[PDB]
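Right, one structure below, let's go through it.
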Amino acid sequence: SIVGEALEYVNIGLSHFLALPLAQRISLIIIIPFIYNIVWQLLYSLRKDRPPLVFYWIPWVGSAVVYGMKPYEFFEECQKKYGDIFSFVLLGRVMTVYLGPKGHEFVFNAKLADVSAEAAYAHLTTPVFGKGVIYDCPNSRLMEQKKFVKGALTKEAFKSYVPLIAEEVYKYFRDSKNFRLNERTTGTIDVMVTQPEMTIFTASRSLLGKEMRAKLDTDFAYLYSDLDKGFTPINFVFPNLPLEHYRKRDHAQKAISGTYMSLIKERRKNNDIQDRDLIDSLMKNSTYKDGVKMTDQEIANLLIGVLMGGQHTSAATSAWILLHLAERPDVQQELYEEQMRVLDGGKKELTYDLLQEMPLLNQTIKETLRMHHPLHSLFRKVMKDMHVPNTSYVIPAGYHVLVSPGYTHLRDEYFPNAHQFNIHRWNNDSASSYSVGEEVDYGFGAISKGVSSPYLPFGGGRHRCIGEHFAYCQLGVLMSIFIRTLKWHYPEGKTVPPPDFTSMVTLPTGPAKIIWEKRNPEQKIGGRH
Ligand code: HEM
Ligand SMILES: C[C@@H]1CO[C@@](Cn2cncn2)(c2ccc(Oc3ccc(Cl)cc3)cc2Cl)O1
């Protein structure tokens, strides 16, 4: 009864392995891991403390291809197969999706020890924005940075911004080659060209100030284009490989951040610290509660983060608003009547107050954000094993949880006819969001305690957006002026493009063109150029 007989042949077997032709070693190095993860998945499927894991053929890659291309379709299939909790493998990671209001509650209100937003995002954002801020710092510092940024975003701030944002829109109509309203009465624009430029011009002028706005009329603008391109989903897998767009990214980050510090330091040494923009505001108020101040570099990187995050959400949203209204002249007609009423047929200048008396305009933003959430997925890295309540599931640490409020936005269950663009579903309900009950404060002010609203455009919980009022102000002024100046429609046989999900921001697949006409061909925008 000898067992060695075989253990010898284990050893012999290993030696015949090392000596196979390289033709076959490569083959074996491919077939053996392939077979291994198919065996592992069938085995994983028997654990009852695990959400179902979407089956996948290629290891490591996982379901990345279909997830990246059509994530909402991927969610609906996996939801029909396995229900509202499931996992799937994604470019090296396991994502545990939790669909629906309960998923919102499980992830957005997760405990600070269970999940980390900075662990999921810092690789994507820190090379773009800079160091020491946002996701390159502990959550407590985040909460106080949001407290600083919010302080420049007050109602009195927004009254200053409305005329500046409006001056910027008119100047863009006057001077941009896509309009030139003093020279042409009709034209064709790509909204994916016009809207990003309008967003940065209005955002720069109002948040950063006139100096920073002015710099975008020079070769400097290309640095924002550079810094923009470093903000790419393959920052999320290959974040610092030594290619050149990784360098123009880091150069633009250094160069842009340098410009803000120059202005900051020049204001402190001229004592020229007013209340004109977010730069004055962060200068006067950026000391943490433990007494540490933000450095001028940390302040500037927080500005890059503000402008950059606002840039992509806002520009995509005004692009969808225009594309949706391009086939709804009835809605343009209704929005134009409200403009005429609230503003005495133009004999009243637009103020932040009159903006709040325009519920149908605000309903259009509301509705566009329901059909086109700019972020289809939000993530956390799981730090501690989490038991999914009223199940037997344990999400072990090292997984990621993925919440997707914009998927629920498109469910007939929660929005009758969810795929119709209908601003009237928000009749007497035009608030950008509503704290439907009890509130909580995480460091940056009282926000809703529950995050179980099926309309959750701005998320909830500690990582909840603080830009919604700024975005409504900016989009509000922009669309008010658009509506009062132009009608617009599609070229023959064109309609609303489908969303290009691969940028992770749900942009219209460009080119997305509209044809605009002047409501008053003979009208002239003033000022010099
Ligand atoms: C249509 C406009 C916008 C939408 C739909 C939107 C959406 C969101 C969402 C869903 C989050 C939560 C992310 C998460 O929990 O994983 C968020 C966070 C945030 N957003 Fe917005 N956003 C918009 C505009 C803006 C603007 C214009 C700004 C700046 C002026 C801004 C600044 C922020 C900040 C600072 C956070 C904090 C993230 C954190 O605390 O980790 N957002 N936004
Ligand atoms: C992955 C993350 C989730 O949300 C965003 C996208 N976004 C959301 N609203 C606007 N942009 C995002 C959110 C905020 C942000 O910038 C700041 C600015 C100030 C503070 Cl105090 C904190 C952060 C940058 C991004 Cl890129 O990406």
Side-chain angles (χ1 to χ4, degrees), residues 129-134 137 140-168 199-216 224 256-311 313-314 351-353 355 432 441-447 458 464-477:
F129 305 149
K131 305 270 195 237
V133 299
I134 298 170
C137 51
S140 46
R141 286 288 193 247
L142 184 56
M143 301 297 109
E144 288 197 271
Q145 289 155 28
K146 298 172 76 171
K147 179 179 62 196
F148 305 140
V149 171
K150 199 155 161 168
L153 299 185
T154 60
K155 186 164 277 203
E156 284 87 6
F158 291 145
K159 306 203 209 191
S160 306
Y161 292 170
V162 163
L164 304 159
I165 292 170
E167 175 190 318
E168 288 303 332
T199 311
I200 189 66
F201 287 150
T202 51
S204 298
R205 182 58 188 88
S206 58
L207 299 183
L208 302 186
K210 185 174 205 186
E211 310 86 331
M212 293 318 317
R213 171 53 184 102
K215 303 230 111 192
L216 274 147
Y224 290 103
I256 293 154
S257 63
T259 313
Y260 300 170
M261 289 183 303
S262 177
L263 171 79
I264 289 160
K265 276 143 162 37
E266 220 201 308
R267 286 183 186 189
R268 192 148 49 237
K269 292 179 180 181
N270 297 332
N271 203 14
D272 188 25
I273 305 187
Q274 292 290 300
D275 302 330
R276 306 154 291 189
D277 43 42
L278 176 51
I279 285 166
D280 281 332
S281 187
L282 289 168
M283 283 180 82
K284 314 212 291 176
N285 176 21
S286 46
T287 299
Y288 301 114
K289 63 195 176 181
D290 73 358
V292 181
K293 305 186 133 156
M294 298 190 64
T295 67
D296 292 347
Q297 182 80 48
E298 286 157 350
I299 289 177
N301 307 332
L302 187 73
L303 302 166
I304 295 188
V306 167
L307 254 285
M308 169 93 63
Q311 160 66 31
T313 51
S314 193
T351 68
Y352 185 74
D353 297 74
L355 238 191
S432 56
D441 190 330
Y442 291 95
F444 55 90
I447 65 180
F458 300 103
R464 174 175 201 290
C465 186
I466 61 164
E468 90 185 69
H469 300 105
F470 177 75
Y472 265 75
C473 184
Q474 187 199 38
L475 297 166
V477 178

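FYI, the numbering just counts along the sequence from 1. Any value given below was found using the heavy atoms of this structure, including those in side chains, with hydrogens, waters and symmetry copies removed.
- Among all heavy-atom pairs drawn from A300 and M261, the shortest one is CB-CG, 4.0 Å.
- Looking at every heavy atom in both residues, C473 comes nearest to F158 through SG-O, 4.0 Å.
- Side-chain contact check for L278 versus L153: every heavy-atom pair is 4.5 Å or farther apart.
- For the residue pair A157 and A152, the shortest heavy atom distance occurs at CB-O, 3.2 Å.
- The heavy-atom pair separating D280 from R276 by the smallest distance is OD2-NE, 2.6 Å.
- In this structure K284 satisfies the salt bridge (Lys or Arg N to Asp or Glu O under 4.0 Å) test together with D275, sequence neighbours excluded.
- Counting heavy atoms from C-beta outward, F148 and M294 have side chains that approach closer than 4.5 Å.
- Residues that satisfy the salt bridge (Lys or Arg N to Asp or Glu O under 4.0 Å) test with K159, not counting sequence neighbours, are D353.
- Here the side chains of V162 and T351 are not in contact, with every heavy-atom distance at 4.5 Å or above.
- You'll find the side chain of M212 stays beyond 4.5 Å of the side chain of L207, heavy atoms only.
- Note that CG of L208 and OH of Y260 are 4.5 Å apart. Values are rounded to the nearest 0.5 Å.
- Using a 4.5 Å heavy-atom threshold, the side chains of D290 and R141 count as touching.
- When all heavy atoms of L142 and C137 are compared, the closest pair comes out as N-SG, 4.2 Å.
- Residue pairs meeting the salt bridge (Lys or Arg N to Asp or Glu O under 4.0 Å) criterion with at least one member in residues 256-265, sequence neighbours excluded, are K265-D296.
- Between the side chain of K150 and the main chain of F444, a donor-acceptor pair closer than 3.5 Å is present.
- Note: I264 CD1 to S257 OG = 9.5 Å, rounded to the nearest 0.5 Å.
- Interatomic distance, CD1 of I447 versus CZ of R464, reported as 6.0 Å (0.5 Å rounding).
- Here the straight-line distance linking atom CD of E144 with atom NZ of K289 works out to 5.0 Å at 0.5 Å rounding.
- Distance alone, capped at 3.5 Å, places no donor-acceptor pair between the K155 side chain and the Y352 backbone.
- Interatomic distance, CG of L164 versus OG of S206, reported as 7.0 Å (0.5 Å rounding).
- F470 has its side chain within reach of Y161: a pair of non-hydrogen atoms, C-beta onward, lies under 4.5 Å apart.
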Mind listing the side-chain donor-acceptor pairs of residues 301-311 below 3.5 Å, one per line with the distance, residues two or more places apart or on another chain?
{"from": "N301", "atom 1": "OD1", "to": "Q253", "atom 2": "NE2", "distance (Å)": "3.0"}
{"from": "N301", "atom 1": "OD1", "to": "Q297", "atom 2": "NE2", "distance (Å)": "3.1"}
{"from": "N301", "atom 1": "ND2", "to": "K131", "atom 2": "O", "distance (Å)": "3.2"}
{"from": "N301", "atom 1": "ND2", "to": "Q297", "atom 2": "O", "distance (Å)": "3.1"}
{"from": "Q311", "atom 1": "OE1", "to": "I200", "atom 2": "N", "distance (Å)": "3.3"}
{"from": "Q311", "atom 1": "NE2", "to": "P196", "atom 2": "O", "distance (Å)": "3.4"}

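- The salt bridge (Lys or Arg N to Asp or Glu O under 4.0 Å) pairs that include a residue from residues 199-215 are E168-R213, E211-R267, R213-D217, where partners are two or more places apart or lie in different chains.
- Under the side chain to side chain donor-acceptor pair (under 3.5 Å) criterion, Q145 pairs with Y288, sequence neighbours left out.
- Residue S432 comes nearest to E468 through the heavy atom pair OG-OE2, 2.5 Å, listed as atom of the first residue, atom of the second, then distance.
- Here the straight-line distance linking atom CD1 of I279 with atom CD of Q274 works out to 14.0 Å at 0.5 Å rounding.
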